[PDB]
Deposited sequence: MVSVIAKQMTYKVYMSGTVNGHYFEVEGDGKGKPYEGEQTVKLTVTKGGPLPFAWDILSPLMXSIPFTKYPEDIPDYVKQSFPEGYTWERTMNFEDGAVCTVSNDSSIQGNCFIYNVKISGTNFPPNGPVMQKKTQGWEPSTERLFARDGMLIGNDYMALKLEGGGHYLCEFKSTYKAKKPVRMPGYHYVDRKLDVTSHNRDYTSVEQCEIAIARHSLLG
């Protein structure tokens, strides 16, 4: 097993949202087998960002998911060779982000290369007016198809003054070598911003991610 009980990672993010180019670099660590991690992000280009930080936070570490012994762990099995993923984020006011990731390993250090293209955020909307206050806890539905893992997740941003702003995640995770596939299952997650400077050009995040069966049956 190339995945130690304690691990670090580096994330390199680049892309455009509503035509605004930026780069973010991150240093993370955690306990992959406990589904616990933390990351320090720096906006290295195009900060301060003109859009809500929250739209980037779930793009900056699926090896840090607690899997029980009876549910094959697609992502961890992929190492050392690693995996890629693609994701679409469909926001309820019509905006879309497309994201691609390539993940690899270097000693005790995962390396994530992530690219985002986001468009059609209304200038009106809570993303460009920064009215978001973090994501609700969520549950990804996962199942195996043609040797890839398909993920779906109904995510929701909390809005300044009470309501929610919805975002549908669709994810395709692809190991760079075939691995043992899981059955139909779920991952419960909780993602929080745990620190920031005033303009969110320096940010830290905590995540907890635990796989499980369906609760009923």
Point to revise | Deposited-sequence segments unaccounted for in the coordinates | key: 1-2, 63
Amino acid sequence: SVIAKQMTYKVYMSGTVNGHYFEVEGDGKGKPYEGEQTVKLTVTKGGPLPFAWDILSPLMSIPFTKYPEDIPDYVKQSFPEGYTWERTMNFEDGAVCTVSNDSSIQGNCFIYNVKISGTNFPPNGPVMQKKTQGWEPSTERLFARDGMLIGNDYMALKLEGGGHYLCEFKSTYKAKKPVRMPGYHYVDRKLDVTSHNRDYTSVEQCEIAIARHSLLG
From here on, numbers count along this sequence of modelled residues.
Study note, to complete from the structure: Going by the entry, of stretches 137-145 and 119-127 the one with greater average Cα B-factor is 119-127
Practice item. Place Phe110 in the lowest, middle or highest third of its chain's C-alpha B-factors, as listed in the PDB entry. Key: highest
Check your understanding: If you rank every modelled residue in this chain by C-alpha B factor, which third holds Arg189: lowest, middle or highest?
Key -> lowest
Review point. Within this chain, which third does the Cα B-factor at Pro50 fall in: lowest, middle or highest?
Key: middle
Practice item. Quick one: classify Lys158 as lowest, middle or highest third of the chain based on its Cα B-factor. Key: middle
Point to revise | Where the record places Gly183 (Cα B-factor, split into thirds across the chain) | key: lowest
